[PDB]
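Numbering (the authors' numbering), first residue to last: 78 to 167. Using N, Cα and C, we set each Cβ at its ideal position, and we do this for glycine too.
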Amino acid sequence: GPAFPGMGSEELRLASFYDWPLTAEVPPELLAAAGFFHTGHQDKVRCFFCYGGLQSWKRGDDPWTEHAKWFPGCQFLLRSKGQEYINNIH
Ligand SMILES: CN[C@@H](C)C(=O)N[C@H](C(=O)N1CC[C@H]2CC[C@H](NC(=O)c3cccc4ccccc34)[C@H]21)C(C)(C)C
Ligand SMILES: [Zn+2]
């Protein structure tokens with residue numbers, strides 16, 4: 078099961094980005110879709126399922142790509158994107 082079931086909703090995750098500092102650079106919509114919510118501190122985000130945290134986002138970073146790069150064992154990532162996608166990033 079998810080590490081943090083309470084952030085399993087994409088809409089709740091999107092709502093968490095109300096004070097996101099990088100709107101143009103790394104869209105909240107893409108982050109939320111990729112399982113991430115904003116912790117509220119700097120640009121630190123975390124996946125509701127694997128609880129993997131990421132920060133220091135660069136402009137044009139792709140949330141799904143970063144998810145697979147750093148947390149390839151995440152089952153939310155697997156269910157959403159499939160194994161071929163994860164394999165191709167690694
Ligand atoms: C350039 N793209 C970004 C998304 C990226 O690759 N981020 C990386 C990144 O955040 N991580 C790589 C794998 C993990 C391990 C440590 C990094 N996580 C963190 O530093 C972190 C993220 C979110 C909340 C946190 C709260 C308290 C401490 C740390 C922390 C994360 C980077 C190491 C900072 C470069
Ligand atoms: Zn995850």
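May I ask you to check if the CB of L108 is nearer than 7 Å to at least one heavy atom of ligand 2? For this step, residue 108 is matched to residue 31 along the sequence shown. Because no heavy atom of ligand 2 lies under 7 Å away, the Cβ of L108 does not count as near it: no.
Say whether the stretch 158–166 touches the stretch 115–132, bearing in mind that this needs 3 or more beta-carbon pairs closer than 8 Å, one atom from each stretch. no
Can you name the residues that DSSP bridges to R123? Here residue 123 is taken as the residue at index 46 of the sequence shown, counted from 1. Note: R123 sits in a beta bridge opposite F114, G130.
Report all residues for which the CB-ligand distance to some heavy atom of ligand 2 is below 6 Å; order them along the chain. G112, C124, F126, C127, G129, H144, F148, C151, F153, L154
For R156 and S93, I'd like the C-alpha separation in whole angstroms. Here residue 156 is taken as the residue at index 79 of the sequence shown, counted from 1. Here residue 93 is taken as the residue at index 16 of the sequence shown, counted from 1. Taking the straight line joining both Cα atoms gives about 23 Å.
Where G137 and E102 are concerned, what is the direct C-alpha to C-alpha distance, given to the nearest angstrom? Reading the sequence shown from its first residue, position 60 is the one you call residue 137. Reading the sequence shown from its first residue, position 25 is the one you call residue 102. Spanning the two alpha carbons is a distance of roughly 6 Å.
Among residues of its own chain, excluding the 5 on either side of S133, which ones have a beta-carbon nearer than 8 Å to its beta-carbon? Position 56 of the sequence shown, counted from the first residue, corresponds to residue 133. Result list for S133: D120, in chain order.
Give every residue of the same chain whose Cβ lies closer than 7 Å to the Cβ of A111, excluding the five residues on either side of it in the sequence, and list them in chain order. In the sequence shown, residue 111 corresponds to position 34, counting from 1. Cβ neighbours of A111 beyond the five flanking positions: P140, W141, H144.
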